[PDB]
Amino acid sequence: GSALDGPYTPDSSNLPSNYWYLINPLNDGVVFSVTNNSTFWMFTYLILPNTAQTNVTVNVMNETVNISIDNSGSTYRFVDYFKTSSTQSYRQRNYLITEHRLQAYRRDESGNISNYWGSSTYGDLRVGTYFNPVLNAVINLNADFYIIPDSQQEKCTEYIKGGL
């Protein structure tokens, strides 16, 4: 299991815990989403370089929502949004600034989503966790992806930093 396991085609399912799902989206827009329809709704929006700030109305888990996006740099920005009730609107949360079309997600046994936040450029690239349990919720990976055991996290980080 030294070889990078994948790629697998886009899919929605109750993904197993303790794996990093390393997505490699070719386009932009909504690349990841999950909800338990009760306490957590989350998605990630991929924004291309040189994107003037604007509002877009997009499909998130078959609901249309209006969000502000921007990318004033020359690299990719993966931006997370979440909310914790059906009546709330989404809030922009963490983001990954990266020269690679790569982000990764892990759901731990407590049901929490982790992914990569910050950037190599600013020296704060880190695994962050949303302490918002959603065990057994359907995860949408809207991208080709690879599967890395989370005992091999440093290998995932190396891909996030340097590409495939």
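Residue positions are given as counts along the sequence shown, with the first one as 1.
Comparing average C-alpha B factors as deposited, tell me which of 3 to 11 and 153 to 161 sits higher.
The stretch with the larger average C-alpha B-factor is 3 to 11.
Mean C-alpha temperature factor, higher of 14 to 22 and 144 to 152
Taking the mean C-alpha B-factor of 14 to 22 and of 144 to 152, the larger value falls to 144 to 152.
Out of 65, 102, 46, 134, which shows the largest CA B-factor listed in the entry?
Going by the entry's C-alpha B-factors, 65 comes out highest.
Which one of 53, 121, 129, 50 shows the top CA temperature factor in the record?
That would be 53, according to the entry.
Assigned third (lowest, middle, highest) for the C-alpha B factor of residue 94:
Lowest third.
Modelled-residue ranking by C-alpha temperature factor, third containing residue 37
Within its chain, residue 37 is a highest-third residue by C-alpha B-factor, going by the deposited values.
Looking at the temperature factor on the CA atom of residue 60, which third of the chain's modelled residues does it land in?
Ranked within chain, residue 60 CA B lands in the middle tercile.
Residue 69's Cα B-factor: lowest, middle or highest third of the chain?
Highest third of the chain for residue 69's C-alpha B-factor.
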